[PDB]
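Only one chain comes next, encoded as structure tokens, the form deposited without 3-acetamido-2-methylbenzoic acid (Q5H).
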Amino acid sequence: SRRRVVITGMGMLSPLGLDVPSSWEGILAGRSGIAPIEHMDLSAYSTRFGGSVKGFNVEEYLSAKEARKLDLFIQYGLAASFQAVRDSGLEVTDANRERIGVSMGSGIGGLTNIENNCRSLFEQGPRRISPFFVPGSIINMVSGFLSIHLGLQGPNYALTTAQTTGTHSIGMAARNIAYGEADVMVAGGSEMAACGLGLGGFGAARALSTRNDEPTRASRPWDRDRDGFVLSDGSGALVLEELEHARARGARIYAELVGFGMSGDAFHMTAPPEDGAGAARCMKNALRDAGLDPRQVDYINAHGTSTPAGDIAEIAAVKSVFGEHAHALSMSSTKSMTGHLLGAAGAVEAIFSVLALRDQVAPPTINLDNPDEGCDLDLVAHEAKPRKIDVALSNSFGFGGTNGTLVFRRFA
């Protein structure tokens, strides 16, 4: 048998806010976090906008000295992680520290740090590379530094599954608890790839919206005028906890994590198949994992990146999985507002899925002015929709055809 896993703590940096409640306020108001990128000459780039974290103050979390050693993606990961642990009320002791672990991931990791040390290397040679280059850039250092700061001796690892990282991180952390490898996990992801290499690299593949005249309208999932995703920065962290452990200490429980699904498309390196067969197997895997019938699903936080082939694939996959219930559930893309946080996308979207359960509201898909051919589901166009939500899904479909689905249910 399996132990039940609940959410007792959440943390976030997003383009909408420096914590969960500010971010969630933005989401329910349909506000965009997308804007031209500042303090960076993007003259030579086809995309000049994205979702930046605005007014982040790392000294709320770290000494200036410890922050100087760590890539922005690590700083953002630690910020969400510290918020989430604080939010949980959890007290680490010698009696429980071996039962508390971390799985914070990233899709792309330390590009900004890699960029600046490349500058040093090419200009002045290798003796100007920072001593903290490696440990300050590698993806497992959010898990590493958090475990050191809080004395966490439980399973300590990091996933990197591109745009699926946060969803897989939360899911596999839930498995650790369910099968008794840990009582508590801090799970999620962080990302900061709005450097030249990120904007340039995605730009070279012509994957990015180039709607530079109206950045806030760039991200328009399922709209006929969409022209690729918007690159965004930030982090999500959840405190995952065994139910009896949560009840014994009187924790506030936001919701229950009931289901986790994984699948591989085995199709293309960057493009999903048109019928979304892989996303369909992954959602079916997640519902079977949760012992739920597709009919019980009320809300889906779509991957919904605003790529032509991705958006249409997800519709095909929802209609395939849900049949005559596909129109009854509400499905929205909060990427319409946040843009695509890549490896942190699944983390902040799991948090939005949990908050949809708490507040009984489907977040909007903003900019959905002209649904495309066969995009005829309840996509929650323009404005938030209060409704009954007992069961919420969060999907992530990333490069390499790697898919994740989380299933959350109301707890009472």
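Counting begins at 1, following the sequence as shown.
FYI, the form deposited with 3-acetamido-2-methylbenzoic acid (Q5H) bound isn't displayed, but the following is about it.
- request: Answer yes if any heavy atom of residue 265 is within 4.5 Å of a heavy atom of 3-acetamido-2-methylbenzoic acid (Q5H) in the deposited complex; otherwise answer no.
  value: Yes, residue 265 lies within 4.5 Å of 3-acetamido-2-methylbenzoic acid (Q5H) in the deposited complex.
Original post:
Within a 4.5 Å heavy atom cut-off, is residue 163 in contact with 3-acetamido-2-methylbenzoic acid (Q5H) in the deposited complex?
Top reply: Output for residue 163 is yes: heavy atoms within 4.5 Å of 3-acetamido-2-methylbenzoic acid (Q5H).
My question is simply whether residue 271 lines the interface with 3-acetamido-2-methylbenzoic acid (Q5H) in the deposited complex - judged by any non-hydrogen atom within 4.5 Å.
The answer is yes: residue 271 has a heavy atom within 4.5 Å of 3-acetamido-2-methylbenzoic acid (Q5H).
Although the partner isn't part of this model, could you tell me whether residue 398 comes within 4.5 Å of 3-acetamido-2-methylbenzoic acid (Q5H) in the deposited complex, counting any heavy atom of the residue?
Yes, residue 398 is a contact residue.
task: Could you list which residues of 302-330 come within 4.5 Å of 3-acetamido-2-methylbenzoic acid (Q5H) in the deposited complex, counting heavy atoms only?
output: Those in contact are 303, 305, 307, 310.
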